[PDB]
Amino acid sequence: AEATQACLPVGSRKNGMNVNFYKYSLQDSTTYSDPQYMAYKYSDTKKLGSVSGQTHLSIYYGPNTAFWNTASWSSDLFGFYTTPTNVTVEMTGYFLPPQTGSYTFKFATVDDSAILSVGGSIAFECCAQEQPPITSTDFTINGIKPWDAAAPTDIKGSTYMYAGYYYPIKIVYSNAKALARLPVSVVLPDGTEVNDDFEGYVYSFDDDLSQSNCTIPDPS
């Protein structure tokens, strides 16, 4: 009734996360403040492309700063050539806890808008990583851009996880202008912190809905 849903896919395990990119308008500071947009409606906009096997989850970009009202192009976002000054990105994969306990994921800051969803039927459905996004607004970290207020600082979300089970994770991040900043980390059950590089923890599987026992609703 209370344990977070996990999965156990049996397909060949791939390292890292899948990252899709989407059209986002320069200086649109309203669309990404809709919870429905950050949850799933981003997928109804123009998909630009995707990269796989991404293990470094943090977003760090700054333009030449001569104009804070023009787009700027770069591959700094996961090796994909786009406009970090204005873009929406969807990262998906499965987080694998090597120990049982509490996992506190964190955004040191959010610039402009971002989300973290953790669990089956929250981030996405088990064995269905690359299917269209589910409608859940049940964010583990809600960093949806707070309208007229300044960027938020050290916002956290905690998930209790059981060892050896794959937990679906989805981050949806958007930027409308200038800097792109989402420094992602997690404090593990033993207390140690993992910044940026999530290699060893995050994995992908090809979709396989024929596998009926993929969903584990109560890992305890």
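Note that residue numbering follows the sequence shown and begins at 1.
- The mean Cα B-factor in the deposited entry runs higher for 62-70 than for the other of 62-70 and 38-46.
- Between the stretches 157-165 and 191-199, it is 191-199 that shows the larger average CA temperature factor.
- Per the PDB record, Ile134 has a higher Cα B-factor than any other of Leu96, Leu116, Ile134, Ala108.
- For the set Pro84, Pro146, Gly101, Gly79, the PDB entry assigns the largest Cα B-factor to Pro146.
- Per the deposited record, the Cα B-factor of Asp112 falls in the lowest third when ranked against the other modelled residues of its chain.
- Per the deposited record, the Cα B-factor of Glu125 falls in the middle third when ranked against the other modelled residues of its chain.
- Among all modelled residues in its chain, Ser212 ranks in the highest third by Cα B-factor.
- For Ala150, the recorded CA B-factor ranks within the highest third of the chain. Only modelled residues enter the ranking.
- The PDB entry assigns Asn18 a C-alpha temperature factor belonging to the middle third of its chain's modelled residues.
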